[PDB]
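J.: Sequence first, structure after; it's an experimental one.
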There are 2 protein chains.
Amino acid sequence: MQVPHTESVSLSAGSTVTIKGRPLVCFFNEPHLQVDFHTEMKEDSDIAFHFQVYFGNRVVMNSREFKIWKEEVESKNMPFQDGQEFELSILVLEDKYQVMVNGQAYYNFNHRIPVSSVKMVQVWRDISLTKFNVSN
Amino acid sequence: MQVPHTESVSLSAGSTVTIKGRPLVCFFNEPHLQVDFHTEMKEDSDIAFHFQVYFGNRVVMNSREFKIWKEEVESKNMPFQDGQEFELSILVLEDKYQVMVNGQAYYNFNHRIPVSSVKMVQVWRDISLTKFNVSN
């Protein structure tokens, strides 16, 4: 599976985006993971949901609307384990995205852009990928 | 050329480390480049010279000594061009590392660890690589 990974999607309440992968280096060297829900296939399109894991440290979430980054949302929750494969499950709810790590919800991000605007997901930074699945 | 790229090295005053590559995404999405001069082959070994480019934004330099990150050094110099292949040339001088971008020096980092302690270089984050050459 190629990284950066870019896929066309369509999402609504009830959708899940499942991502399975492995960080490329040890947590001590601070690998990152970034998942961006874009409004168009173009890479510089707006981002309804930006989810960036600083492995072993913190998580940052935001949106990019009309080319401008908005209010940052940080989390200290860090369920990811050094050297381990992770399974990310991003649930689309009516009010928010909910990010599950290995089956439990650890991050939440209220919708700022309607989820019907999402047309693309890009997964990138310091991971290998074995699975990217949108429910249907 | 595989990324993350890890090579055994030996460096002294007069050495140059040349790195040619290309960012994996457009500058608007803030790709990174990280070059770490390590004291051992192990990834979690100390770092005599940590050089991290936030493409289109800034550069951060530091050292990691006895597993602890030291004083950060930032630069606003940004000679890198969006979408373009870059040629990084890291000159080892008696007093410092000097980072050249496409033939001109834009960053400098005084030695905190003796350069004879460097045994490994790792190049990683959001780039493809076509060249990694240590002068000899």
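T.: Sure, I can see it. Numbers count the residues shown, from 1 in each chain, chains lettered A, B, ... in the order given.
J.: Do I have it right that residue A:33 meets residue A:25?
T.: No: judged on C-beta atoms under 8 Å, residue A:33 makes no contact with residue A:25 at a distance of 11.9 Å. From N, CA and C alone the C-beta is placed, and that goes for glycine too.
J.: touching chain B at all, stretch A:47-66?
T.: No: judged by C-beta under 8 Å from any C-beta of the partner chain, stretch A:47-66 stays clear of chain B, getting no closer than 8.9 Å.
J.: Tell me the buried residues in that stretch?
T.: Within stretch A:47-66, the residues that count as buried by 16 or more other C-beta atoms under 10 Å in any protein chain shown are A:47-56, A:59-64.
J.: for that stretch, the distance to its chain's centre please.
T.: Mean C-alpha position of stretch A:47-66 versus that of the full chain (C-alpha atoms, centre = their mean, to the nearest Å) differs by 7 Å.
J.: May I have that stretch exported as PDB, CA atoms only?
T.: Below are the C-alpha coordinates for stretch A:47-66, written out as PDB (Å, rounded to 0.1, in the frame of the first residue of the first chain):
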ATOM      1  CA  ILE A  47      -9.600  19.800   5.000                       C
ATOM      2  CA  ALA A  48     -12.800  19.000   7.000                       C
ATOM      3  CA  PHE A  49     -10.800  16.900   9.500                       C
ATOM      4  CA  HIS A  50      -7.000  17.000  10.000                       C
ATOM      5  CA  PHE A  51      -5.800  14.400  12.500                       C
ATOM      6  CA  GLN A  52      -2.100  14.300  13.300                       C
ATOM      7  CA  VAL A  53      -0.500  11.900  15.800                       C
ATOM      8  CA  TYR A  54       2.900  12.800  17.300                       C
ATOM      9  CA  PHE A  55       3.500   9.200  18.400                       C
ATOM     10  CA  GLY A  56       4.400   8.900  22.100                       C
ATOM     11  CA  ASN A  57       3.600  12.600  22.600                       C
ATOM     12  CA  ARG A  58       0.200  14.100  21.600                       C
ATOM     13  CA  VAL A  59      -2.500  14.500  19.000                       C
ATOM     14  CA  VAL A  60      -3.500  17.700  17.100                       C
ATOM     15  CA  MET A  61      -6.700  18.100  15.200                       C
ATOM     16  CA  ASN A  62      -7.900  21.000  13.100                       C
ATOM     17  CA  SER A  63      -9.600  22.000   9.900                       C
ATOM     18  CA  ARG A  64      -8.400  24.100   6.900                       C
ATOM     19  CA  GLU A  65     -11.300  26.200   5.500                       C
ATOM     20  CA  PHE A  66     -10.800  28.400   2.400                       C
END
